[PDB]
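Input: a single structure, listed below in structure tokens.
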Ligand SMILES: [Zn+2]
Ligand SMILES: [Zn+2]
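Set out below in structure tokens:
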């Protein structure tokens with residue numbers, strides 16, 4: 011679903027964002043992530059902390075982006 015999609019950090023994605031993952035407002039994909047230009051898809055199962063993949067294809071977000079996905083997934 012589109013539930014899970016996040017705007018990627020245009021700076022990170024070109025090697026130049028100097029913000030902790032946990033203080034930047036956009037996603038920083040572990041370099042194995044499926045990024046559809048601008049958008050990564052968040053890990054449904056990681057949210058419930060229930061992911062178990064070593065190298066994931068769907069981003070495991072930091073806290074703030076996780077609650078921002080909880081908010082987004084309360085909006086029917
Ligand atoms: Zn950034
Ligand atoms: Zn995962």
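In the authors' numbering, the protein residues as written are 11 to 86.
Heads up, the beta-carbon is just placed ideally off N, CA and C, and yes, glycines get one too.
Roughly how far, in whole angstroms, is the beta-carbon of residue i from the beta-carbon of residue j, given that I think they are within contact range, below 8 angstroms?
{"i": "residue 15", "j": "residue 49", "result": "5 angstroms"}
{"i": "residue 30", "j": "residue 69", "result": "That belief does not hold up - the Cβ atoms of residue 30 and residue 69 are roughly 16 angstroms apart, past 8 angstroms."}
Whole angstroms is fine: what's the gap from residue i's alpha carbon to residue j's?
{"i": "residue 22", "j": "residue 36", "result": "9 angstroms"}
{"i": "residue 51", "j": "residue 26", "result": "22 angstroms"}
{"i": "residue 73", "j": "residue 61", "result": "15 angstroms"}
{"i": "residue 85", "j": "residue 17", "result": "18 angstroms"}
{"i": "residue 32", "j": "residue 12", "result": "23 angstroms"}
{"i": "residue 43", "j": "residue 66", "result": "7 angstroms"}
{"i": "residue 56", "j": "residue 76", "result": "9 angstroms"}
Exposed or buried, residue i, counting other C-beta atoms within 10 Å across all chains shown (16 or more means buried)?
{"i": "residue 81", "result": "exposed"}
Does DSSP put residue i in a helix, in a strand, or in coil?
{"i": "residue 77", "result": "helix"}
{"i": "residue 16", "result": "strand"}
{"i": "residue 60", "result": "coil"}
{"i": "residue 29", "result": "coil"}
{"i": "residue 84", "result": "coil"}
Checklist entry - Residues with a Cβ closer than 5 angstroms to any heavy atom of ligand 1, in chain order? => result 19, 22, 27, 29 and 34
Checklist entry - Of all residues in the structure, which have a C-beta closer than 7 angstroms to any heavy atom of ligand 2, taken in chain order? => result 53, 55, 56, 61, 63, 66, 68 and 70
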